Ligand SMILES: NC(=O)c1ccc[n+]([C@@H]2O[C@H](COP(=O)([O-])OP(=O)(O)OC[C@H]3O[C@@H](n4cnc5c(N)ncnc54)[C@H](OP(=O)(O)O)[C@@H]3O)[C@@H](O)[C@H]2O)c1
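First, one chain by itself in structure tokens, the form solved without the named molecule.
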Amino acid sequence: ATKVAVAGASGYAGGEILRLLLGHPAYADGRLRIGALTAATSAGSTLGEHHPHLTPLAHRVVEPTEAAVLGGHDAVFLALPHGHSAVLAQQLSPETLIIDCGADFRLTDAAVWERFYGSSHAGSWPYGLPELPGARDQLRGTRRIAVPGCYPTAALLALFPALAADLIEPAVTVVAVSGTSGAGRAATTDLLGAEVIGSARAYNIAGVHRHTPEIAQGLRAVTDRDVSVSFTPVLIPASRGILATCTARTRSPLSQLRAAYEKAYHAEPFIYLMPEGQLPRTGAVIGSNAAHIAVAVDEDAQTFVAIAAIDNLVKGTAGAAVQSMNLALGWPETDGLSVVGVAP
């Protein structure tokens, strides 16, 4: 069987990975085993003190996050979306399947990495967004997966079919609202319930957010032109969900743009192109690995508009990780991953 460890098990991404593994058919039939669950602090505590929703695992004792603890597993999830896991990954075998939820292996330009993260570039691993052109090929049987950021997932699914078909200009604007679990479980005044409830705020604006070059990198991969990205994230009083509104100038008719999205996504199990007249809502995808997408043309403004809704913790993080895990191990890509949201 495949023995899986989860480093960063007490955080939100780690808890969501474990929820999905508990429901995975390979866990049910014994082909997947949940092994070491580790954290940087609170080793010796039980998982129930961190994730009371995961009652089948409530008695598991959290262990320290160390290469020795993570060795001896066939697959290791590094469930630190805001952490830097290059040092730990360098201690693990190339034949161990490593799935990093953090950013350390996402970027392919060392100069861009140094500017936005202020450290030496660790390299790049196959990007865990199987729906991007060419990405599924790179993931099949890989032993290394860099899971995408949550905002780039929504923006790239909204924009890449139009840009790959050369139907929009390569200067794009993205304004995305997100629930607060995407900021992680570290306690901060600005993430307190009293602060977030009843309020919305943009943050890290005008190109300083580290997901900006990640969006640019994904879009540059489908075009020959210089790509520019205006990316604004907005925190809203929800625990989960990302609704990305993405725009770009266009000279193309809506019929041609719609056909490009139908062609890109008609056989993609997790991407749902809304019927004409319907628009995405994050409530409809919560708990699911689905992305709901709609496209339109603002004739007066000569502007293409694409809306994408995902669950930031599933298709934006842990669901992408499990989906890519399935591809890496040769299991059905959809195993353990529902398209049905938990609404209302």
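Shifts are known only where both forms have a C-alpha. In this text, the rigid core denotes the largest set of C-alpha atoms whose superposition between the two forms falls within 1.5 Å. Each residue number is its position in the shown sequence, starting from 1.
A summary of the deposited B-factors shows that, of 81-89 and 253-261, the stretch with the larger mean C-alpha value is 81-89. When the two stretches 218-226 and 175-183 are set side by side, the higher mean Cα temperature factor goes to 218-226.
Residue-level inspection of the entry shows that, of 312, 288, 282, 65, 65 has the top Cα B-factor. When the Cα B-factors of 188, 124, 153, 247 are read from the PDB record, 188 comes out highest. When the modelled residues of the chain are ordered by their C-alpha B factor, residue 302 lands in the middle third.
In the deposited entry, the Cα temperature factor of residue 296 sits in the bottom third of values across the chain's modelled residues.
In the PDB entry, a CA B factor belonging to the lowest third of its chain's modelled residues is recorded for residue 204. The PDB entry assigns residue 142 a C-alpha temperature factor belonging to the middle third of its chain's modelled residues. In this PDB entry, the Cα temperature factor of residue 106 sits in the bottom third of its chain's modelled residues, the lowest group.
This protein has a second form, the form deposited with the named molecule bound, left out of what is shown; the following refers to that one.
Judged by the 2.4 Å clash test against backbone and C-beta atoms, the pocket of this chain is blocked once the named molecule is superposed from its pose in the bound PDB entry, as three or more ligand atoms violate the cut-off. Contact check for residue 80: a non-hydrogen atom falls within 4.5 Å of the named molecule in the bound PDB entry. For residue 186, a non-hydrogen atom is located within 4.5 Å of the named molecule in the bound PDB entry, even though that partner is not displayed. When the named molecule is considered in the bound PDB entry, residue 278 lies well away from it, no heavy atom lying within 4.5 Å.
Remark: residue 159 does not count among the residues lining the named molecule in the bound PDB entry, judged by a heavy atom distance of 4.5 Å or less.
For the options 150, 145, 76, 244, the residue carrying a heavy atom within 4.5 angstroms of the named molecule in the bound PDB entry is 150. Contact here is defined as any heavy atom lying within 4.5 Å of the named molecule in the bound PDB entry, and by that definition each of 8, 13 and 42 is a contact residue. Looking at 297-305, 52-60, 284-292, 33-41, the stretch with residues near the named molecule in the bound PDB entry, meaning non-hydrogen atoms within 4.5 angstroms, turns out to be 33-41.
Note: rigid core superposed between the shown form and the other one; among 136, 209, 258, 82, the CA shift is 2 Å or more only at 82. In the bound PDB entry, the Cα positions of residue 83 and residue 183 lie at least 3 Å farther from each other than in the form displayed. Mapped along the sequence, displacements between the shown form and the other one of 2 angstroms or more at every C-alpha, sustained over at least 3 residues after core alignment, occur solely at 81-84.
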